[PDB]
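Down below is the structure, laid out as C-alpha cells.
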C-alpha cells in the first residue's frame, strides 16, 4: 500500500529529498508573490 | 517698426541688454553678458532681432 | 571650509554688532549657513581618484 | 504567442514609427538656442 | 589568445566551486553582518537559524515575504548547492532570488533584511552569481553603510566599474559618480529592464522613484551640449515614461511628469510626439496629486513647440479627453492662481479647440482671455477663427461679446484681421 | 500689412526661457531624502522656470 502522508514527511527528512523544493522553484511565478 | 532690444557696451567688457517693450528711471537689464574681457567696440543686432553680435577690437 | 566659514562668519558677525534695529531672529546667518552647506557639498562631492 | 491582428500605449507607438525625434528646423521660424548652423563663403 | 587569458575565463566561471580549503575560506568569509575571522568559523545551520527568525519579522511587516519560506528559506535549502544543479534548475533559482531582491529593495533600512539576505549571500552566493540584481536594488542606498558593505564583498560587473574605486574605501560613492554610471547608454537599458520588472510587479516605492528620477534628469543635463547623444537618449528614456505612465501608482506617474518635462526643454520635439505624450498622460490620470502635476506638464510641453501650428487647435479626440479629466472650472482655477507658469500657447490651442468643437462653452472663452494675457500673434489667431464662426455659426450674445472684448482691447488689430478676412 | 510683419510679429511674441545646463539639477541629490514626489516635482519646475 502507498505511503501515508505523514510517512512522506519523515521520508523527506530522513533521505533529505529536495524534489519538493525544486518543484516550488519551478512553480515560482513572480506575479503571484506580488 | 519699434525696436524691442537695447544693448549698452562698456570698456570692462560687460554688455547690459534691456528689453524696450517692458518705463522707469532705473530699468533692470534682463541679462548681463560678460564673455568678452575687453572693450566692446561694436554692438549690432540681426535685422529680425534674434542675434546680437558683440565684438572687441 | 575654514576659509569659507570664516568669511561668512565675519559677515554674520558684523551684522550682529553694528546693526541698529537688529531682529532677534538670526535670518542673515541662516542664509549664510545655506551657502556654506552648499559649498561643502560640491567641494566634498568631488573625487580626486579617476573613475 | 503574439500577433497584432484614449489608449495608453500611444507614446510607445509613435516612437516606433518615427526615427528622427527632433523637429525639422527648416519648418520653424525661430533659430535654435545653442547651436548655430553657419557656413563660410 | 594567450594561455593565461583563457585560463582566466575558466577561473571566472569556476569562482564558486570551492575546490580546496583556501577557496572555501574566501567564499565563506564574505558576509554582510560579520567580519572575516568570525565568518570563517560559522556553519550554515547557525546562519540559517538567524535568517529564519529574520524572515519571520519581515513577514509581519509584509506578508509577501512568507512565500520564500517555502522555497529559499526552507530547511531543505541547507543541503541545496548551485554548482551541483542542472542548467534548467538554476534559472528557477535565479528567478526566485530576483523576486526576493525586489521585495527587500524597500526594507534595507530595517535591521532584519540584512540578516535575511545573509542566508542568500552565504548559501546561494548571490554576491558572485546574481551580482547585477543586488547592486540595482540597492543603488539608491549608495550613501548608506549597507551599500558600502555590498561593494566590499562583490566583484563589480563590467557595467558598474564606475564604482571600482569605492570598493573597500572609507568614503561612500559620491552623488556625482552615480550620474556617470547612468550616463552610459548600456546601463540605461539595463536599468530600464530592472525598472520595468518593478512596474509589472507594482514593487515600486517613493525612494526608488525619487532616485531613479534624479539620475535620469541629470543624465539629460549632462548631455545638453551634445545633441547627437540626446537623440540616442530619447528612445530609451521616453519609453520608460510610457511604462511609468501605465502604472496605477500615482508616484510612478509623477516621475514620468518630471522626466518628460526636462526633455521638452532639453530637446525640441515633433508635435506628434508631444501630442502622443498628452494622450498617455491623460489616459491613466486619476489621482488628484498626479492630476495637478499633469496640468503643469501639459502646459510646459506646448511652450517648447516652436513651429508653425504651435498654437493650432488640439485634435478632437485629444480635446474631449482633456475636458473629461479637466473640466472648464478647473482650468479657470489654474488660470486664477497668480503664480501660474507660462501657459499661453496651450490656452491659445485650447481656446481654438472650443470654437471648432464646443459651441456652448463659447462664453468660457471670455473668462479665459481676461484671466491670462495672450501674445499678439495668439490673439490674432483667435480673432481669425472667431470671424469664421460668425459667418458660419449663428450670431450670439456671447459671440458678439467676445468681439466686443476685442473691441475694447487692441481695436486696431481687430480691423486688420477683418480687413484680411472680409 | 504683409506676410513678413506676421512673421516678425511671431519673433516679438516668443519669450525667453531658462535653458538646462549641466550644473542645474546637481543639487537635487542633497535633498532627495524623505520628500514626497510632488514636492520634488515642484522644485524641478522651479529650477526650470
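Residue numbers (the UniProt record's numbering), protein chains in the order written: chain A, 13 to 46; chain B, 477 to 498, 501 to 535; chain C, 359 to 409; chain D, 180 to 184, 203 to 238; chain E, 2 to 423; chain F, 848 to 896.
Note that the Cβ used here is the ideal one computed from N, Cα and C, for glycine as well.
Asked, Found
"Roughly how many whole angstroms lie between the Cα atoms of residue 41/A and residue 198/E?", "13 Å"
"My guess is that residue 181/E and residue 163/E are in contact by the Cβ rule of under 8 Å, so how many angstroms apart are they, rounded?", "5 Å"
"Exposed or buried, which one is residue 291/E when buried takes at least 16 other CB atoms within 10 Å?", "buried"
"Would you give the residue range spanned by the alpha helix (DSSP H) that residue 418/E belongs to?", "412-421"
"Alpha carbons only, please: which of 270/E, 222/E and 245/E is nearest the one belonging to residue 284/E?", "245/E"
"Could you confirm whether any beta carbon from chain E is found closer than 8 Å to the beta carbon of residue 407/C?", "yes"
"Could you compute how far the alpha carbon of residue 224/E sits from the alpha carbon of residue 27/E?", "42 Å"
"When the Cα of residue 238/E is compared with those of 213/E, 250/E, 226/E and 248/E, which residue comes out closest?", "213/E"
"Need the endpoints of the beta strand (DSSP E) that residue 351/E sits in, please.", "Run containing residue 351/E: none in the beta strand (DSSP E); it sits in the alpha helix (DSSP H), 345-358."
"Report the rounded CA-to-CA distance for residue 378/C versus residue 504/B, giving the unit in angstroms.", "29 Å"
"Could you name each continuous alpha helix (DSSP H) segment of 4 residues or more that falls completely within the stretch 206-279 of chain E, going from the start of the chain to the end?", "207-223, 228-247 and 251-267"
"If we define contact as Cβ-Cβ less than 8 Å, is residue 513/B a contact residue for chain F?", "no"
"Give the residues of chain F in contact with residue 399/C, contact being defined as C-beta atoms less than 7 Å apart.", "877"
"Look up residue 484/B in the DSSP assignment and give the residues it is bridged to.", "492/B"
"Please tell me whether residue 872/F has its Cβ less than 8 Å away from any Cβ of chain D.", "no"
"In chain F, what lies closer than 7 Å to residue 226/D by C-beta?", "854 and 857"
"CA-CA distance, residue 404/C and residue 493/B?", "35 Å"
"Among residues of its own chain, excluding the 5 on either side of residue 278/E, which ones have a beta-carbon nearer than 7 Å to its beta-carbon?", "261 and 302"
"Run through DSSP, which three-state label would residue 25/A get?", "helix"
"Sort 352/E, 140/E and 257/E by Cα distance to residue 240/E and report the nearest one.", "257/E"
"Cβ closer than 9 Å: which chain F residues qualify as neighbours of residue 230/D?", "864 and 866"
"Name the one or two DSSP bridge partners that residue 532/B has.", "521/B"
"For residue 483/B, which residues from the same chain have a beta carbon less than 8 Å from its beta carbon, with the 5 sequence-adjacent residues on both sides left out?", "491, 492, 493, 494, 521, 523, 530 and 532"
"Alpha carbons only, please: which of 422/E, 96/E, 370/E and 341/E is nearest the one belonging to residue 405/E?", "370/E"
"Whole angstroms is fine: what's the gap from residue 52/E's alpha carbon to residue 73/E's?", "11 Å"
"Checking contacts by CB at 8 Å: is residue 851/F closer than that to chain D?", "no"
"Got a sec: does the ligand GTP put a non-hydrogen atom nearer than 7 Å to the Cβ of residue 399/C?", "Looking at this structure, you won't find the ligand GTP or any other ligand, since it has none at all."
"If you measure from the beta carbon of residue 411/C to each beta carbon in chain E, is any gap under 8 Å?", "What the structure shows of chain C is the stretch from 359 to 409, and residue 411/C is not part of that stretch, so it cannot be assessed."
"Do residue 126/E and residue 298/E have their C-beta atoms closer together than 8 Å?", "no"
"For the beta strand (DSSP E) containing residue 509/B, list its first residue and its last residue.", "509-511"
"Give me the Cα-Cα distance between residue 99/E and residue 129/E, rounded to the nearest whole angstrom.", "14 Å"
"Do the stretch 389-402 of chain E and the stretch 356-364 of chain E touch if we need at least three Cβ pairs shorter than 8 Å?", "yes"
"Taking residue 857/F as part of the alpha helix (DSSP H), name the residues at either end of that continuous run.", "850-860"
"CA-CA distance, residue 887/F and residue 399/C?", "19 Å"
"Just to confirm the assignment, what range does the alpha helix (DSSP H) spanning residue 99/E have?", "88-104"
"Using a cut-off of 9 Å between C-beta atoms, extract the partners of residue 166/E located in chain C.", "405, 407, 408 and 409"
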